[PDB]
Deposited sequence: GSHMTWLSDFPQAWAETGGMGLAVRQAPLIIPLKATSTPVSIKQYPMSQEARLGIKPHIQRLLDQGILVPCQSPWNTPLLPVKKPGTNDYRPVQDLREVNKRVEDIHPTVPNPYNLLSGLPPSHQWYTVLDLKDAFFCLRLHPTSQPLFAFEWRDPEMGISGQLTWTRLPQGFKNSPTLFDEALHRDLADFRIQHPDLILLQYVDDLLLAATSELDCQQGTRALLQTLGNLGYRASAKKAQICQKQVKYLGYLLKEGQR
């Protein structure tokens, strides 16, 4: 199967990703920016318990590390009745220098799919932002408080990877992956590759070309340190769901 020929390429079988060719990201602040320290709002035990194993996992993965920083933003519990950690990074976002929004809207992106290429593969990358390292100098920006009263735990944690909730993550990820896949595009002139942050579409003129192109794309992604979702993967189909659209016969 596809899952066994490319074990490195799938979130299921490859372990965590890390885009090794991408230098750790440095996040420039606006000229007048001063650190902001917002106090953590008290969390109910239910929400704390709901969130705890997620925090523990990220610590075990090295994605969260202890720290002490002049920046602090609130951790929110967000619920299905399962709680997930959602950091409110809005006051950090306002203080970070703006970048040009280079991710195309899906309409314009799909306008680049010729009707000549009707064999499709759709892959989405698992925990994409977490594959990009954050430079130690910018890590402090994203600190929050983790207090576990019934374990005598207090202190800040922060991210070593590009974080959810950060206004520039989607754009920075899209740009990083474009740099990492540029050569692939060069080696495969006959293929169409659409990238929308972590959502990929490969289109080919024939099923053979799609099979051979998908193999090469999976191999490339795994080698670069990215991980595709095998569960959601749509491989060499005449019809696929991409970015809310149904792609079929060159339509949509």
| property | result |
| --- | --- |
| Deposited positions lacking CA coordinates | 1 to 4, 84 to 86 |
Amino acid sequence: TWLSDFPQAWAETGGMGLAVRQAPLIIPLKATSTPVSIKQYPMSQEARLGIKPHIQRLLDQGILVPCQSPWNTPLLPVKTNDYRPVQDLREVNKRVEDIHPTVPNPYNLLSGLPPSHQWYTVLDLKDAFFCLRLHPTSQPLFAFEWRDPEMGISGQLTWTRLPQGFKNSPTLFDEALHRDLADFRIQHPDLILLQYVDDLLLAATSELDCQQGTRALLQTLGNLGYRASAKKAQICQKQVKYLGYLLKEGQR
From here on, numbers count along this sequence of modelled residues.
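C-alpha atoms forming the largest set that superposes within 1.5 Å between two forms make up the rigid core.
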query: Core-aligned Cα RMS comparison in 9 other deposited structures of this protein - stretch that moves more, 122 to 130 or 140 to 148; finding: 140 to 148
query: Stretch with larger C-alpha RMS deviation in 9 other deposited structures of this protein, core superposed, 63 to 71 versus 43 to 51; finding: 43 to 51
query: Flanks modelled, residue 80 absent in at least a third of other entries; finding: yes
query: Entry-level comparison of average CA B-factors, 152 to 160 and 122 to 130, reporting the higher stretch; finding: 152 to 160
query: Selected stretch [higher average CA B-factor]: 59 to 67 or 34 to 42; finding: 34 to 42
query: Which of 179, 147, 95, 167 ranks first by CA B-factor in the deposited coordinates; finding: 147
query: Out of 50, 225, 189, 28, highest CA B-factor residue; finding: 189
query: Chain thirds of CA B-factor: placement of residue 107; finding: middle
query: Residue 22 CA temperature factor, ranked by third within the chain; finding: lowest
query: Assigned third (lowest, middle, highest) for the C-alpha B factor of residue 136; finding: middle
query: Ranked C-alpha temperature factor of residue 86 among modelled chain residues, by third; finding: lowest
query: Residue 197 - which third its CA temperature factor falls in, relative to the rest of the chain; finding: lowest
